[PDB]
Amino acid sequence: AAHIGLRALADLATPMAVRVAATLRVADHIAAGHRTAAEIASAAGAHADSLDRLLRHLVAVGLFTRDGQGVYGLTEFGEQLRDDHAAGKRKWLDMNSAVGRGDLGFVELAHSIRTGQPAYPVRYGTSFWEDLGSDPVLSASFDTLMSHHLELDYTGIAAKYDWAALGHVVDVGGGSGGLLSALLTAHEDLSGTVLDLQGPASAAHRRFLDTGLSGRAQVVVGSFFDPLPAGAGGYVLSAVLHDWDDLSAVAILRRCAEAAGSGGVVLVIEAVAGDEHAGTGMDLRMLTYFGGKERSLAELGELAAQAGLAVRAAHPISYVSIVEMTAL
C-alpha cells in the first residue's frame, strides 16, 4: 500500500542518510557523551557542518533529537542504531560490511532489469564472491552477518526436524558453521562437516575448536561445484540456492545428489516464496547481488528434478522452510 507520494516513495536521501549515520556510528557517539555536531564529527571523523546537516535531516525522520543548544539526543527509535542494541541492525547498514556494501549495488538495478545479470559487478568491477575472496576483512563481516541471520530466521531449527537420525550431516556452504554448531550442540550423537570456501571454513574451524566440537565437527575447504565428501546421512544447503541462477543451482544440487547417493537426504533450507522473511525485496537483492532468486516450492522442485532429486517434505521452521529431497 502506497499512501505516500510517488517522489517520496523514490527518495534516496533518507535511506542513504540512515546508512551513513549507521556507518559513522553516530548513535554510539551520542550515547557516549558527544552531543553537538562539532563533537560527533570529531569523534567520527566527519566534516562538522555537513554532519550537522545530516543529523538535522535524521531528526526530521525521527531518529534523533536536537535541543536549543544544538545538543543531539537519541529518539526511542534511534536506539536501534547503537552497535550494542539487541536487534543488531546497525551492522547490516554499515557501508563497510559486505551487506551494507552490496546493497549500494541497487543503484545499478537498471542493469539487472535490462540484462538479467547481477548489478554488484557493475558498481564494484567484480563478482560478490570474488570480492570477499580478495578481501579477508570483508569476508569476515559477511560471515558474521549470515551467522546473525541464523538467530533471526532459524529459531528452533534444532527440534523442527529429525537431525539425529542422520548420524553425519554435511553443511554445503555452511559458512562459519553456526548452523552445524547449533545442530550438534542439540544432538550429542550427531557429527558433521562444514564445506565452504577457505575464509568461512577457517572461521568454522576456529569456532569448533573454541566451542569444543572438533571431536564431532570438521571443516573441508572446497567449492560445492566440485565433488563433495561422499556418503553422508544428509547434505544441507542453507541459504545457498537463492544466491545462484537456475543453471548453477542444479549444478550445486546435482553434486549433493551424487554425494547423497540412493541412501542420503538433501535438505534445502531457505525462505520460500510465501514465508514472512521472503519478500519481493529480498528477491531483487538476490538478483542485484548475484543474479540469484527467491524460489517457490514448485520452482525448487523443477531444479531438483533436473538433478535427479524429488521433494518429499517441506516443514516450515519459523520464518523459513526446510524442504527435504531424496534420490528420484
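From 1 onward, residues are counted along the sequence shown.
In the comparison with other entries of the same protein, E276 is left without coordinates in at least one third of those covering both sides of it. The stretch 72-80 shows the higher mean C-alpha B-factor when 173-181 is compared against 72-80 in the entry. Across the two stretches, 15-23 and 308-316, the PDB entry reports the greater mean Cα temperature factor for 308-316.
In the deposited entry, the Cα temperature factor of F142 sits in the bottom third of values across the chain's modelled residues. Ranked by C-alpha B-factor against the other modelled residues of its chain, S296 falls in the middle third. Ranked against the other modelled residues of its chain, the C-alpha B-factor of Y235 as given in the entry falls in the middle third. The PDB entry assigns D246 a C-alpha temperature factor belonging to the middle third of its chain's modelled residues. Among the modelled residues of its chain, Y120 has a C-alpha B-factor that falls in the lowest third according to the deposited record.
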